[PDB]
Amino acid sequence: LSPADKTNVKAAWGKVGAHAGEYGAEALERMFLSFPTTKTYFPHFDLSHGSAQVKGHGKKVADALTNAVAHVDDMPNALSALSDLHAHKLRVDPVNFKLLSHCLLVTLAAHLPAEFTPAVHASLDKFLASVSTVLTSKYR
């Protein structure tokens, strides 16, 4: 992650702002529709369009990423609480992280065209891969 990359992520997340929850909810929905394999982690969730729990979960996933863009250098400390939920008890296959990342990029591409430039796209994809890795670092 070069110093130019973090400028691009923050600038793109700067146009995200209040719509973070909305974009997180859509990314999740795109993941549920495009990859029904990911629904297996939510049999206790109402997986219908416009669900307040997908909207609410969208906000939690988005805020966690807002927290990651705010804490640029050395992320394993801030997402340690999150690494024990995903990996230690629910044990989610790391491919699903690649799927949500792509669905998150498809969301940002559709909503922020002027800000989704090749350079930003690469900076965000790398950021989501680094978040994915930090979220997959401790496995028993």
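For the two forms, the rigid core is made up of the largest set of C-alpha atoms that agree within 1.5 Å on superposition. Sequential numbering from 1, following the sequence displayed.
With every structure aligned by its rigid core, 86-94 is the stretch of 32-40 and 86-94 whose CA positions lie farther away in 5 other deposited structures of this protein. After superposing on the rigid core, the larger RMS C-alpha deviation in 5 other deposited structures of this protein belongs to 70-78, the other candidate being whichever of 70-78 and 23-31 remains. Higher mean CA temperature factor between 32-40 and 83-91: 83-91, per the PDB entry.
Stretch comparison (10-18 versus 121-129) by mean CA B-factor in the PDB entry places 10-18 on top. The maximum CA B-factor among the listed residues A78, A110, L65, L99, taken from the PDB record, is found at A78. Annotation for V106, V61, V72, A114: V72 ranks highest, by Cα B-factor.
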